[PDB]
Structure formats: C-alpha cells, structure tokens
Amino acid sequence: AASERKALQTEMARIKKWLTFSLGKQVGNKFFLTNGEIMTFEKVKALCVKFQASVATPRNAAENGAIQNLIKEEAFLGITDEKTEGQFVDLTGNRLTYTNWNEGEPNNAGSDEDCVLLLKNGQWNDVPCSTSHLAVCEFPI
C-alpha cells in the first residue's frame, strides 16, 4: 500500500534530524546556516534572499549564542541604522528588543557604520556595510 510513502516520510524525518544536528543550528522556527564565504552586506542580503532565507538576526540570547556557536569568523547580522542614524532596526523595519553591543559600541566611527557585526565572543560592533564578512542566513524551519 502506501508503504513507500511511509518509508519516504520516515527517511525524510531522519535526514532532517541529521541536518539539524550537524549542518546548522535550530532555535525555534529558525535554522541558521553559513556558506562559509565572506562578502559585503548587500551581497549577503541578496544571497539569503536568493535562497528564500533572510540574513541572520538574533532576536534573543539563545539565537545569538546559536549563531555564535555556528560561526568561525565575524558575521554580518540583519540589522542596520541606514535610514535613521543611531536607530538600529530589523531588515523588516522592526526595532530591536535585544542587543549585545561590545564595549564602546555602537560608536558609528568615521560617520559610516550602519551595519552590525557579530563577533566571536557574541558581542556586536557596528561596522561599515561595505566591508566583507561571513554570510549567515536564517532559514524557516
């Protein structure tokens, strides 16, 4: 009967189990993944979008730690103050409820730091959007 379909769904459920265990980090309904490539902010934006994903945007400590665990280099976050200087916000325009700025940040040094960078210790630093950093996308899971 639908024995095949039964086996397909069972096979899929385990493949998905493996992936969430070792391919990336799952926190709720988000799945953080990196292609291991560094590029400018606009590029990462296009990239994630190209995959039906969005740039990783930690909305709480758990997510921040998850991204922290995943990365081997500083990664751009889906946060900027491009439109209103000093007012950091989501790629959807939503203001942040959780922040983890590094000491002395944000400082908008050189009057040109509108992007945010997740550092290896989990802290953040505002950096120029034109710099090249690790691409990380959150996929809906």
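From 1 onward, residues are counted along the sequence shown.
> Look up the CA B-factors in the entry and say which stretch, 131 to 139 or 1 to 9, has the higher mean.
Higher of the two, by average CA B-factor, is 1 to 9.
> Quick check: 102 to 110 versus 89 to 97, which has the larger average CA B-factor in the record?
According to the PDB entry, the answer is 89 to 97.
> Per the coordinate record, which of the options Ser54, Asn35, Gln26, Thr84 holds the highest CA temperature factor?
Comparing C-alpha B-factors across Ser54, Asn35, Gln26, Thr84, the maximum falls on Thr84.
> Among the modelled residues of its chain, does the C-alpha B-factor of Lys45 lie in the lowest, middle or highest third?
Answer is middle: the recorded C-alpha B-factor places it there.
> Lowest, middle or highest third of the chain for the C-alpha temperature factor of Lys30?
Tercile = lowest for this residue's CA B-factor.
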